[PDB]
Amino acid sequence: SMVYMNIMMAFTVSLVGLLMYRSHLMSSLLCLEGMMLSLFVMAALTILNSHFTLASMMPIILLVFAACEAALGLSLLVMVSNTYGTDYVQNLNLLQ
Amino acid sequence: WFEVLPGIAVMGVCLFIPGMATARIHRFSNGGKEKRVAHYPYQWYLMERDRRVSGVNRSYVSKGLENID
Amino acid sequence: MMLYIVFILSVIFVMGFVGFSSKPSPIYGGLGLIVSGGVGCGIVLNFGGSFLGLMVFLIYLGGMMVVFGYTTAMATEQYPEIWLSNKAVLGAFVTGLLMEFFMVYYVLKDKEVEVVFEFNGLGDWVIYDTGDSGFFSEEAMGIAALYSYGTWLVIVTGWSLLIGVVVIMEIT
Amino acid sequence: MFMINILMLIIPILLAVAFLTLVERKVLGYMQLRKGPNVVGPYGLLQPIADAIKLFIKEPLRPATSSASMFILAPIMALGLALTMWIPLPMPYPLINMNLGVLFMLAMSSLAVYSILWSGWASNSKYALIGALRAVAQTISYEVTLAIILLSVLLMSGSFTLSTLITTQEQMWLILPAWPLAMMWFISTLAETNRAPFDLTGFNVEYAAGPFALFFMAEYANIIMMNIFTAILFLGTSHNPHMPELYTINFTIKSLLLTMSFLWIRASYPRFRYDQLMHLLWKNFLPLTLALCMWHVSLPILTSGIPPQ
Amino acid sequence: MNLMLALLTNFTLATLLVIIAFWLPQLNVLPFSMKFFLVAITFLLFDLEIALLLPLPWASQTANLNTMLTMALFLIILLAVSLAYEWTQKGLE
Amino acid sequence: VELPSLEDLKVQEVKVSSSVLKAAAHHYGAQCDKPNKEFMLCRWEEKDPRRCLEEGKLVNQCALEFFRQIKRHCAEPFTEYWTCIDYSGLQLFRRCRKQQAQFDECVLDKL
Amino acid sequence: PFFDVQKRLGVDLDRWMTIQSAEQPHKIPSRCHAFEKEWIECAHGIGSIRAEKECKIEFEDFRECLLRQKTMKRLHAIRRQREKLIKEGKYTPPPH
Amino acid sequence: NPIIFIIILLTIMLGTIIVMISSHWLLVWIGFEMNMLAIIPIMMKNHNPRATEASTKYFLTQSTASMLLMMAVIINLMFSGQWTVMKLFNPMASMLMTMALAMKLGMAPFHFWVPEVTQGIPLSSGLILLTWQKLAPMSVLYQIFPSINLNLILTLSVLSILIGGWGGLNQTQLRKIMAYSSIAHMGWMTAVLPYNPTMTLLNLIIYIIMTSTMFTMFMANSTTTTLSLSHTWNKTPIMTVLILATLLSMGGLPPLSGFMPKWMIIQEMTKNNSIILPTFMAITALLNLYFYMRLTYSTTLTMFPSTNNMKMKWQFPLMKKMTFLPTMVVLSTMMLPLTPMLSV
Amino acid sequence: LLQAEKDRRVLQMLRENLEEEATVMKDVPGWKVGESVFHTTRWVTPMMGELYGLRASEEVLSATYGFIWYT
Amino acid sequence: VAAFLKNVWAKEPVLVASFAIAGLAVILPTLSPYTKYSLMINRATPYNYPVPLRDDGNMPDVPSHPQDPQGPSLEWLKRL
Ligand SMILES: CCCCCCCCCCCCCCCCCC(=O)OC[C@H](COP(=O)(O)OCCN)OC(=O)CCCCCCCCCCCCCCCCC
């Protein structure tokens with residue numbers, strides 16, 4: 001149905017050029033947790049109407065790791081700004 | 001000590017209205033009857049059925065034993 | 001209040017993501033998520049499931065977003081700005097915004113447009129498709145979270161949360 | 001006529017606290033060996049109606065140092081959710097029969113911290129920039145002290161909905177099995193709503209006569225709400241089907257006494273000097289909360305007294 | 001169908017009053033601190049593991065109970081052991 | 001596929017209200033017991049309720065005489081019994097505990 | 001790779017939250033519950049390399065149970081069978 | 001610190017067990033989710049900002065490498081809804097399956113995912129832990145196997161050795177020289193996998209052992225190439241022959257045992273008449289040795305050991321299970337009559 | 001009893017959604033009335049679009065959205 | 001160690017009371033026989049419909065009459 005087509009374009013807010021770029025680097029990690037709830041709901045559509053009654057734990061246990069993964073990378077950007085004061089992803093010294 | 005007693009009888013009376021008002025609406029909207037509550041989907045199914053067979057379109061009226069005799 | 005009240009929230013939910021998709025000088029990005037996920041909470045509150053969506057207010061919208069909003073003040077201590085007040089922000093805001101109505105424009109507005117872009121008709125009640133009625137047990141969805149058979153999940157997921165604290169008990 | 005039930009709850013609750021700043025002072029008056037409002041009333045009762053006129057006469061000058069879209073946005077939500085939280089509340093009949101509503105009160109009260117972070121930040125420097133942060137930082141610590149001991153009585157009452165909560169307390173006054181919880185209920189709720197012992201609470205000093213009155217009117221709206229919320233939970237009243245009037249007589253009059261308690265504790269105690277203020281939560285409150293959380297699980301099991309639902 | 005027609009009056013009343021407050025009857029013609037960060041991260045950890053603690057009163061009207069008894073107590077253990085290692089270092093908090 | 005006609009429809013549906021249907025609700029099925037459990041095997045054991053349409057009328061027919069039976073002999077304490085439970089709210093079975101004996105004094109006695 | 005510890009030592013890690021019709025804690029089935037019980041019965045001893053060429057049928061109605069795809073295609077064209085003749089009569093049926 | 005340094009190290013292998021021991025798409029979601037949460041503090045220990053400016057580049061790569069996987073998982077929930085680890089029943093999902101999963105096994109795309117991480121880490125002790133992330137997703141691919149589009153998997157493998165054969169001609173950092181050629185063996189064991197997924201792990205086992213010996217021989221003092229000049233006449237001349245015993249084997253010459261999988265890789269690949277593709281890979285593997293020659297020319301020819309500072313003191317490292325490692329890494333090529341019988 | 005009072009309704013309900021479907025258009029590119037979308041001739045439970053057609057004015061909202069968003 | 005309970009209960013009298021509620025809570029569900037009455041009730045709550053079965057020869061027990069003494073006895077609770 002159309003309720004599956006939207007939301008499916010809403011998954012394509014994980015646009016990668018707007019996922020690690022540009023600076024004000026919190027706006028990058030913004031859409032990462034914003035890529036969550038495009039999967040919490042999209043799963044919870046099909047689990048709910050097709051009465052499964054057992055995979056209700058699956059979107060709940062999804063959000064447990066969804067914040068927990070999001071808890072880690074927020075800490076490191078403080079450690080970026082601990083020695084700098086601003087994020088500014090155009091910071092680059094360690095090259096490949 | 002006396003003057004505080006008219007202070008109590010203003011704001012405390014101002015809470016007497018909506019409990020009186022709401023219990024004189026749903027009682028009034030169903031004609032002296034309380035509103036049928038529905039918390040489980042089996043409970044709603046009665047109201048979804050009985051409204052279609054009450055007399056025309058209502059859930060707050062009954063038929064009784066004298067309907068089908 | 002019409003029949004199309006469920007679908008019309010979903011299209012609004014699409015545009016909440018586009019509000020922070022470019023660079024909304026990231027303090028309004030929090031105000032792009034609260035408007036979105038609340039409407040996203042509205043979409044879950046159909047279809048039978050009441051309990052499982054309302055927690056996303058508490059655990060994420062009250063939980064993650066505050067700590068998200070607790071940053072961008074302890075860092076990014078420069079001068080912010082209102083978005084759309086620049087030319088670096090509005091350079092792509094309209095581009096996918098046109099397609100969001102253009103996708104709706106011909107999925108079903110013509111008679112047959114065409115074969116693979118007209119498969120899903122809009123409406124009308126098949127979006128629910130939940131008859132007939134059920135039981136007095138629960139929603140259900142009400143007997144949904146159980147400390148029966150799933151227990152191997154809880155011992156793993158709880159122990160993963162414990163070592164998450166220790167990694168943050170260190171460096172920071 | 002569903003609409004006239006709405007306006008006969010929003011409007012008659014504004015006068016319930018607009019005539020309380022009067023009562024705030026007179027209860028404060030007759031402790032200090034002094035009288036209430038004397039010249040205007042005569043019994044005081046003509047004082048706040050004139051003072052309500054003044055704050056809309058006096059000119060609301062705006063900060064040139066701030067935005068405008070953010071500055072009036074926080075008083076928008078201030079009357080929004082702090083009045084929305086009244087809605088699924090019975091007396092004895094709620095406006096909405098929500099199937100689950102105890103989660104719904106916490107879901108709305110968790111956005112109360114999301115308003116104070118606006119006004120201090122978008123306005124100005126230092127005081128409004130650092131001083132407004134800490135107040136979120138204390139009020140984030142009082143949901144875990146709030147929600148856990150909240151959950152420990154749903155284990156014995158039975159479910160999430162509030163309509164069954166009246167029937168299960170028809171013989172009890174449930175403070176008697178939870179008088180340890182009664183302290184940590186009332187202390188924690190006192191601390192969240194930003195009152196005299198638990199105060200550090202620039203997020204007011206910039207507001208002129210216009211929008212200061214809102215965030216004085218919304219803050220008061222919270223405090224009778226934590227009174228009326230403790231009222232249905234701890235000190236449950238009797239219910240009569242054939243006489244619904246007798247419910248509401250002995251309903252608000254019990255909440256009105258606990259309303260005086262916020263006025264009464266304010267006239268005794270000093271502050272808590274912020275470093276202690278969170279230190280008395282984690283080190284001191286929280287280990288007892290987990291212990292009594294374990295207590296209300298084993299005992300209904302070791303009674304065969306599980307509440308039915 | 002009034003939920004959704006229930007709060008729409010409430011929010012149009014707040015945004016009305018500001019126009020008589022801030023508008024037309026006026027017409028005038030950050031340093032970083034580490035100790036104020038780690039409590040927000042610490043809160044969100046105990047904010048998650050009360051949502052897994054959350055489905056308890058529906059988890060009593062159930063089957064064989066000692067599965068649900070001994071496992072629900074285990075989450076409180078992990079919530080408490082997490083305190084003790086963190087209790088070794090809280091900072092000026 | 002196939003469906004049976006408009007005939008074998010329009011049979012006497014028990015046009016009563018939900019409260020008076022849940023009024024007795026306890027003496028009803030406790031003594032009929034012949035078509036209902038057979039109708040359950042007709043629905044639970046064998047699916048496709050299109051080979052299973054006949055006995056849905058048989059258990060319906062038994063309820064027709066059933067309310068006709070209680071109407072002819074003892075109905076005055078019955079009509080007051082669903083009167084009190086009509087005063088609504090959750091339909092509890094302890095509010096109308098007092099009037100229960102006046103109904104139930106004759107159900108074991110009259111019929 | 002798949003060591004399968006749970007096969008020798010006879011406990012299940014989960015193995016229950018796997019298909020649509022396994023446990024159902026109060027015997028409450030799903031919508032396409034009746035086709036799982038058939039489609040598993042088709043290919044059990046089959047080694048899955050001829051299963052895409054032997055059974056091939058009970059997978060189809062099962063897959064179309066989950067979407068009601070051509071049913072939605074058949075029902076939508078009724079709005080083109082009638083409902084282009086709106087002003088050309090054919091009320092069909094009169095109420096009620 | 002030293003108590004939990006084992007405990008953090010313990011839970012990494014606890015993650016990849018759950019990846020191997022499950023029949024469920026949500027546990028293997030959790031599996032290398034908690035691994036990606038368990039690798040971060042190993043990068044940190046000395047709290048240097050370069051290590052923080054390397055882990056966060058490592059972080060948000062593998063975050064997407066998690067989060068793209070679940071988008072594949074909900075599709076075969078909407079498509080037949082079964083949760084057994086099997087074929088995916090959608091080529092739109094199997095496309096989303098592999099080329100998300102190939103991030104954690106980093107292919108010829110996702111270029112700087114390997115070197116920019118491994119260079120810049122002070123912890124050259126190990127950093128052999130990036131063999132575990134080479135071990136876990138291979139334990140999914142053995143089960144994804146009989147539903148792949150069959151062209152995507154070989155395209156990433158032909159490109160894999162093509163860039164890895166080119167990367168170390170422009171290098172001195174022996175970490176980056178060892179960061180490269182980790183793309184090399186991860187092209188081969190993907191290129192077998194449509195034809196007999198067994199004996200893929202034979203390439204996997206040999207790669208573990210010949211990388212385990214490499215950094216343990218690098219934990220003497222060396223981190224830079226010209227630092228491998230100043231140990232033959234300074235640290236120990238016995239290490240100079242042993243480092244030549246492995247760099248020539250890992251190039252794949254038949255008298256040593258590094259050639260042994262590539263011996264067997266063709267006996268499987270032909271007999272299914274694909275001829276032009278093994279010839280293009282084996283001729284590319286010629287360039288895999290010109291890393292090692294032009295590196296072994298520096299340490300085994302006494303290229304000017306300057307900077308007079310003599311080590312008259314003994315050595316006490318932790319050469320844990322070290323001397324027993326290059327005994328199956330050189331002379332095992334006669335000693336495998338059937339390695340494809342105990343493993344397969 | 002009420003189970004027998006529900007399946008009787010949907011046999012009536014599908015009939016007037018079929019008998020008023022057979023009489024729509026007897027087209028040569030038209031449907032054979034009485035066909036099934038599936039091959040397995042068994043009794044699947046019907047769908048909400050099969051109980052109620054494209055009528056959808058009040059009563060269809062009154063059925064699906066009955067328990068949902070209020071009593 | 002005997003004064004160790006009397007040099008901390010006069011020193012930090014908060015978490016001492018917590019461990020006593022950590023105690024007396026794990027032990028007692030394995031002690032009193034009021035439990036397993038919790039199990040007998042929580043299983044004997046009828047949610048769904050008890051569907052009857054088909055007779056063929058036997059008849060081990062339970063004929064069609066519901067008010068016959070043919071099944072179990074959970075009616076101790078009403079007498080309890
Ligand atoms: C074995 C059987 C099962 C177990 C049964 C055992 C039952 C135990 C029941 C215990 C539950 C209540 C205790 C909860 C903890 C109370 C908080 C507390 O005690 O903190 C103490 C506080 C901190 O300071 P402190 O640690 O004492 O260090 C200084 C030493 N000179 O120091 C203080 O003393 C200050 C007090 C706190 C400050 C706030 C006071 C504001 C006034 C609030 C008035 C409350 C009125 C009553 C509540 C309203 C009723 C709803």
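Rules behind the numbers
Residues numbered from 1 in each chain as written, not as in the entry; some residues may be left out. Chains lettered and ligands numbered in written order. Part of a larger assembly, values for the part shown. Heavy atoms only, no water. Residues with missing side-chain atoms left out of burial classes, pairs and counts. UniProt positions renumbered as here; feature names shortened; annotations may be inferred. Helix = DSSP H or I, 4+ residues; strand = E, 2+ residues; numbered from the N terminus. Rg over C-alpha atoms; globule rule 2.2 N^0.38 Å. Disulfide = S-S within 2.5 Å. Buried < 20%, exposed > 50% of the residue type's maximum accessible area, 1.4 Å probe, protein only. Patch = residues over 30% accessible without salt bridge, like charges linked within 9 Å, V, L, I, M, F, W, Y side chains within 5 Å. Areas by Shrake-Rupley, 256 points an atom, 1.4 Å probe, with all protein chains shown as cover. Salt bridge = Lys/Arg side-chain N within 4 Å of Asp/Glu carboxyl O. Contact = heavy atoms within 4.5 Å. Nonpolar A, V, L, I, M, F, W, Y, C, P; charged D, E, K, R; others polar. Near = heavy atom within 4 Å. Expected span 1.5 Å × (residues − 1). Axes fitted to C-alpha atoms, helices over the stretch in contact; angles between N-to-C directions. Parallel < 35°, antiparallel > 145°, perpendicular 65-115°, else oblique. Left-handed = near helix turned anticlockwise from the far one by under 90°. Polar contact = N/O pair within 3.5 Å; in protein donor to acceptor, adjacent residues only side chain to side chain.

Its PDB header names cryo-EM as the technique used to obtain the model and reports a resolution of 4.2 Å.

The name the PDB entry gives chain I is NADH dehydrogenase [ubiquinone] 1 alpha subcomplex subunit 13, with Bos taurus as the organism. According to the PDB record, the title of this entry is "Activity optimized complex I (open form)".

The name given to chain C in the PDB entry is NADH-ubiquinone oxidoreductase chain 6, with the source organism recorded as Bos taurus. Here is the UniProt Subunit comment for chain C, exactly as written: "Core subunit of respiratory chain NADH dehydrogenase (Complex I) which is composed of 45 different subunits." For the record of chain C, the UniProt heading Sequence similarities holds the text "Belongs to the complex I subunit 6 family."

Chemist: Talk me through the overall build of chain C; I want residue IDs and the actual numbers.
Modeler: Looking only at helices and strands, one finds 6 helices and 0 strands in chain C. Mapped from its N terminus to its C terminus, chain C presents α and β elements in the order α-α-α-α-α-α. Whereas a compact globule of 172 residues would reach a radius of gyration of roughly 16 Å, chain C reaches 22 Å, over 25% beyond that.

Chemist: How would you summarise the overall build of chain I if you had to cite specific residues and measurements?
Modeler: Scanning chain I for helices and strands turns up 4 helices and 0 strands. In chain I, the succession of helices and strands from N to C terminus is α-α-α-α. Against the 2.2 N^0.38 benchmark of 11 Å for 71 residues, chain I shows a C-alpha radius of gyration of 15 Å, more extended than a compact globule. With the C-alpha coordinates aligned to their principal axes, the bounding extent of chain I is approximately 50 × 30 × 20 Å.

Chemist: With reference to specific residues and values, describe the state of the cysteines.
Modeler: All names here are of chain G. Applying the stated criterion across every chain yields a total of 4 disulfides over all chains. Each disulfide pairs two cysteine sulfurs, and for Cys32 the partner residue is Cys65, the sulfurs being separated by 2.0 Å. Looking along the S-S bond of the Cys32-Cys65 disulfide, the torsion reads about -100°, which is the left-handed sense. One end of the pair, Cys32, is in the loop between α1 (5–8) and α2 (33–42); the other, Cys65, is in helix α4 (residues 58–67), with 33 residues separating them in the sequence. The same class applies to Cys32 and to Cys65, which are both buried. Between the sulfur of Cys42 and that of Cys55 lies a disulfide, 2.0 Å long from S to S.

Chemist: So what's going on with the UniProt feature "transmembrane region" in chain C? Which residues, and what values?
Modeler: Taken from the UniProt record, the annotation "transmembrane region" applies to residues 1–21, 25–45, 47–67, 88–108 and 149–169 of chain C. For residues 1–21 of chain C, the helix share is 57%, the strand share is 0%, and the end-to-end C-alpha distance is 30 Å.

Chemist: Lay out a nonpolar patch on the surface in plain terms, naming residues and giving numbers.
Modeler: A grouping of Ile11(D), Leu15(D), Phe56(D), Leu13(E), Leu16(E), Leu17(E), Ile19(E), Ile20(E), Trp23(E), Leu24(E), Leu27(E) and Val29(E) is seen on the molecular surface, where their side chains present a nonpolar patch of about 1100 Å² in accessible area. Take the nonpolar patch: its biggest share by element is 3 residues, from helix α1 (residues 8–17) of chain E. Mapped onto the secondary structure, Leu13(E) falls in helix α1. Accessibility expressed as a relative area gives 32% for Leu13(E), which makes it partly exposed.

Chemist: For the interface of chain C and chain A, give the residues involved together with the corresponding values.
Modeler: On the chain A side, the residues contacting the 51 residues of chain C number 42 residues. Of the residues that constitute the side of chain C that touches chain A, the class distribution is 32 nonpolar, 17 polar and 2 charged.

Chemist: A description of the site of the ligand should follow, citing residues and the corresponding values.
Modeler: The environment of the ligand is formed by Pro180(D), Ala182(D), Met183(D), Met184(D), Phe186(D), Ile187(D), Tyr269(D), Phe272(D), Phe285(D), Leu288(D) and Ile21(J). Neighbouring residues of the ligand are not confined to one chain but are distributed across chains D and J. Alone, the ligand offers 1300 Å² of accessible surface; in the complex the protein occludes 46% of this. Breaking the shell around the ligand down by element, the ones donating at least two residues are α10 (179–192) and α13 (275–301) of chain D. If you tally residues by element for the shell around the ligand, the top one is α10(D), at 6 residues.

Chemist: Could you give me a rundown of the arrangement of the chains, with the residues and numbers involved?
Modeler: In this assembly 26 pairs of chains touch, with chains A and C having more contacts than any other pair. Where chain H comes nearest to chain J, the C-alpha atoms are still 26 Å apart, and the two do not contact one another.

Chemist: An account of the interface of chain G and chain I is needed here, citing residue identities and associated values.
Modeler: With 19 residues of chain G at the interface, the matching set in chain I holds 18 residues. Elements represented by at least two residues in the side of chain G that touches chain I include exactly α4, α5 (69–76) and α6 (78–81) of chain G. Of all the elements, α5(G) adds the most residues to the side of chain G that touches chain I, at 4 residues. Residues of the side of chain G that touches chain I, tallied by class, amount to 7 nonpolar, 4 polar and 8 charged.

Chemist: Could you give me a rundown of helix α4 (residues 73–84) of chain D, with the residues and numbers involved?
Modeler: Its 12 residues give α4(D) an end-to-end C-alpha distance of 17 Å, which sits within 8% of 16 Å, the value for a rise of 1.5 Å per residue. For α4(D), every residue scored as buried is listed here: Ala74(D), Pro75(D), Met77(D), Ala78(D), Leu79(D), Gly80(D), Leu81(D), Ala82(D), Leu83(D) and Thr84(D). On its buried face, α4(D) sits against α1 (2–18), α5 (102–109), α6 (113–123) and α11 (214–233) of chain D together with α1 of chain E.

Chemist: I'd like to hear about the packing of α4(D) against α6(D), residue by residue, with values.
Modeler: Residues and elements named next belong to chain D. Contact geometry of α4 with α6 gives a least axis separation of 9 Å together with a crossing angle of 160°. Between α4 and α6, the angle is such that the two are roughly antiparallel. The element α4 and its partner α6 pack so that their crossing is left-handed. For the pair formed by α4 and α6, the contact residues are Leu73, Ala74 and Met77 on the first element and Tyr114, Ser115, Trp118 and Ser119 on the second.

Chemist: A description of the pattern of salt bridges should follow, citing residues and the corresponding values.
Modeler: Pairing between side chains of opposite charge can happen when their charged atoms approach one another. Applying the stated rule across the entire model yields 13 salt bridges over all chains. In this structure, the salt-bridge partner of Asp7(I) is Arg43(F), at a minimum N-O distance of 3.0 Å. Here the residue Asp7(I) occupies a position in helix α1 (residues 4–16), and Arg43(F) occupies one in helix α2 (residues 35–45), the pair thus bridging two chains. With a closest N to O distance of 2.8 Å, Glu35(I) and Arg74(G) form a salt bridge. Here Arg74(G) lies in helix α5 and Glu35(I) lies in the loop between α2 (19–22) and α3 (48–51), a pairing that spans two chains. Bridged by salt links that share partners, the residues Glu170(D), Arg94(F) and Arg95(F) form one connected network.

Chemist: Tell me what's going on with the environment of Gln119(H), and back it up with residues and numbers.
Modeler: For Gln119(H), the position within the fold is in the loop between α6 (115–118) and α7 (132–135). Among the residues examined, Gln119(H) registers a relative accessible area of 15% and is labelled buried. For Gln119(H) and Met186(H), which are 67 residues apart along the polypeptide, the C-alpha to C-alpha distance reads 19 Å. Those residues in contact with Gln119(H) that lie beyond four places of it in its chain are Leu94(A), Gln173(H), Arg175(H) and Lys176(H). Side-chain polar atoms of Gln119(H) contact the side chain of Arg175(H), separated by 3.5 Å.

Chemist: Which residues make up the packing of helix α1 (residues 7–18) of chain C against helix α2 (residues 30–44) of chain C, and what values go with them?
Modeler: Residue and element names in this part refer to chain C. Orientation of α1 relative to α2, taken along the N-to-C sense of each, is 155°, at an axis distance of 9 Å. Judged by the inter-axis angle, α1 sits roughly antiparallel to α2. The two elements α1 and α2 cross, and the hand of that crossing is left-handed. On the side of α1, the interface is formed by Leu9, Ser10, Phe13, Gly16 and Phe17, while α2 contributes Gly32, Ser36, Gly37, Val39, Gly40 and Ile43. Here the residues of the contact of α1 with α2 are counted per class, giving 5 nonpolar, 6 polar and no charged.

Chemist: Quick rundown of unusual backbone geometry? Include the residues and the values.
Modeler: Omega for the peptide link from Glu139(C) to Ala140(C) comes to 20°, which places this bond in the cis form. By the element assignment, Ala140(C) lies in the loop between α5 (95–105) and α6 (152–169). In this model, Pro95(G) is joined to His96(G) through a cis peptide bond whose omega is 0°. Position of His96(G) relative to the elements: it lies in the segment after α6. Of note, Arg273(D) is a non-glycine position whose phi angle comes to about 60°, a positive value. When you line up the elements, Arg273(D) lands in the loop between α12 (245–266) and α13.

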